[PDB]
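K.L.:
Below are the structure tokens for one structure; questions will follow.
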Amino acid sequence: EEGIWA
Amino acid sequence: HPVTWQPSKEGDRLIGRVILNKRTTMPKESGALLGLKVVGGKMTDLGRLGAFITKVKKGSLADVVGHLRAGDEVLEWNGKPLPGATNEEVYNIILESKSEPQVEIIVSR
């Protein structure tokens, strides 16, 4: 479960 | 510049302000973005969507200047209100801020 790389 | 935590709007929580910079030059090496991976569109038991940190690179800015861990809920990204935005929403928010040399994220513990 991921979304954006920060 | 360390981070600070002030009383929430309910007086029963602590909402701090975290400022991260995508300079990519942490003591570790170069990194990639700021220092932590975030998620979007996480429908909680309240009925609203938000953002959660999937992971944090020990040593990155987010760790040294941010000081957070995977699981924290960021209700604010780049001074923008995320509450109510889904995965696709946050995507635009963060991405748009991924180009900026500085970022301001807030969480709730």
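Identifiers in the structure tokens: chain A, B, ... in order shown; residue index from 1 per chain; ligand index from 1 in order shown.
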Please identify every residue of chain B that has at least one atom no more than 10 Å from any atom of chain A, counting only C-alpha atoms, and report them as a ChimeraX atom specification.
P.N.:
/B:20-22,31-42,51-57,62,87-88,90-92,94-95,98
K.L.:
I'd like the contact shell of segment 8-18 of chain B - 6 Å cut-off, only C-alpha atoms, skipping same-chain residues fewer than 5 positions apart - returned as a VMD selection string.
P.N.:
chain B and resid 3 66 104 to 108
K.L.:
Kindly save the residues from that selection, with C-alpha atoms included, as a tab-separated table (two decimals), in the first residue's frame.
P.N.:
chain	number	residue	atom	x	y	z
B	3	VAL	CA	9.93	20.63	14.74
B	66	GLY	CA	10.83	15.91	10.45
B	104	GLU	CA	5.36	21.98	5.12
B	105	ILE	CA	3.61	18.88	6.44
B	106	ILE	CA	1.50	18.55	9.58
B	107	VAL	CA	0.47	15.41	11.46
B	108	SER	CA	-1.68	14.26	14.37
K.L.:
Can you work out the spacing between atom CA of residue 100 of chain B and atom CA of residue 78 of chain B in Å, to one decimal?
P.N.:
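The value is 9.0 Å.
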